[PDB]
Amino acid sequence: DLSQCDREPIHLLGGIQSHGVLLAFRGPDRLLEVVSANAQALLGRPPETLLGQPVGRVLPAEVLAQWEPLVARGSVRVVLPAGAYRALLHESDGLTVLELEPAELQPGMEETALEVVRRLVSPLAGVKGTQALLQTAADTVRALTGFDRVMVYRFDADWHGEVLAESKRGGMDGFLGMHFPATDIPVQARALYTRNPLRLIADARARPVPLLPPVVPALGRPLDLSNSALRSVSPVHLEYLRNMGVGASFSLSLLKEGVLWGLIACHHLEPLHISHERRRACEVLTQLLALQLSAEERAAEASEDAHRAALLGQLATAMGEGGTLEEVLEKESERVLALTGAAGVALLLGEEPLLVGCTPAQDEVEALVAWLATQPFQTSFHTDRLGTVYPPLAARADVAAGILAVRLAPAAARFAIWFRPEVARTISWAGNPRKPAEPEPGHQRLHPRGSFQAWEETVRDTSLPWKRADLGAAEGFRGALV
């Protein structure tokens, strides 16, 4: 991939966060093969002395007492001299991996979680826009977590993102409405965050605890920490958080029909650890949000489709009525433009173009037609920045920044072309997107950018996007023109 940013093997860094301990066992005897260097902080004896020992000799009695429920269901609460810990089991590189993390301290956590679950699963959740849906998701994640700032971050189609909603405590910086470069979350991280939907950075200023030995002996590379709850994250991201002034970070993947739609991102000014069970309660919330957004969005498309079909039905009724085609198309101009949310339409029915509403002049349309006929499309063609692909009209963003053309005949030049003007857009980036990172001389060590202050950009020469309903309506109009 492109940058060095994509290259970092973030699952193979060999470090865990200092609040927990990791032990990896293999074979029928469960011999300890990999252990974190801090494992005396919970186990009494120096970790290097425990490599190669059977599990029954390294683990405390309190954990061994819970060994059967641990293996059975992969997660158990254990009470140690150092306090209550959550034990977690997964498999990686042929090893059984055991992680221990401080356990939830509030007995009423699940009751509180079930209550905020109600606030989001309730019907009527969305009855002032999906914006109120996102705001409620952010508010309830903040209530359950205690984090200073909770943001809903949506990926655009180039994988840069923007903050759509935000819940933060009074008197605190926010990022609402700002855009962030795709490189802020590089492609291997997005990959990992698609299969591992949660991640906690409990203290952005702490140093990672290394694993011992620093490679798995059979493999000659570090233990694969893809599914580790304790995995220490990229040093470059830790720098990024410090540059933002955040001491703890917790984010959750928003998966909507298989793809990474966005994130719920949380920041705290100070270190803060959330328990495993509290993180899993937060993940229920995000899966509810994904579900509410799908149902709302499909309802919106259906309503839009119904509106287009009503327009088509009225056009059909006006046909099969009086006069010629050009006459009914004259009377029904506003419906024909409304079909695709357009400001003008060129109808090429054989003679000269029929120009309805706001369109470029006849000579320019006939020229556009000559060129569309050569293009490699089948029934529909659309673009929201015509000037990039057809520079003869690149100056005419006022009437022809976007077009939608349907072919009305097989091997002949018969078309309906709808036009849209540009819509200027003011983007506010969190820092200068032209310098998304700060490499050292030589370009071997990368740093995050230093500032996230607003940096404004205006986008010109692009129309509103051609949406699914526009495309469906154009096909319906084609079928009516035969």
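One rule holds for the numbers: they count along the sequence shown, beginning at 1. Rigid core: the largest C-alpha set superposing within 1.5 Å between the two forms.
Root-mean-square C-alpha deviation from the shown form, taken over all structures in 7 other deposited structures of this protein superposed by the rigid core, is larger for 320 to 328 than for the alternative among 320 to 328 and 275 to 283. Remark: when the other structures in 7 other deposited structures of this protein are fitted onto this one via the rigid core, 117 to 125 deviates more than the alternative among 290 to 298 and 117 to 125, judged by RMS CA distance. The stretch with the higher mean CA B factor, choosing between 118 to 126 and 225 to 233, is 118 to 126.
Mean CA B-factor, 403 to 411 versus 76 to 84: the higher value falls on 403 to 411.
The residue among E330, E296, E110, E283 whose C-alpha carries the highest B-factor in the deposited model is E330.
Across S92, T340, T324, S249, the entry's maximum B-factor at the CA atom is seen for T324.
Among the modelled residues of its chain, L372 has a C-alpha B-factor that falls in the highest third, as given in the PDB entry. In the deposited entry, the Cα temperature factor of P208 sits in the middle third of values across the chain's modelled residues. Ranked by C-alpha B-factor against the other modelled residues of its chain, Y193 falls in the lowest third. When the modelled residues of the chain are ordered by their C-alpha B factor, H19 lands in the lowest third.
In the deposited entry, the Cα temperature factor of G174 places it in the highest third of its chain's modelled residues.
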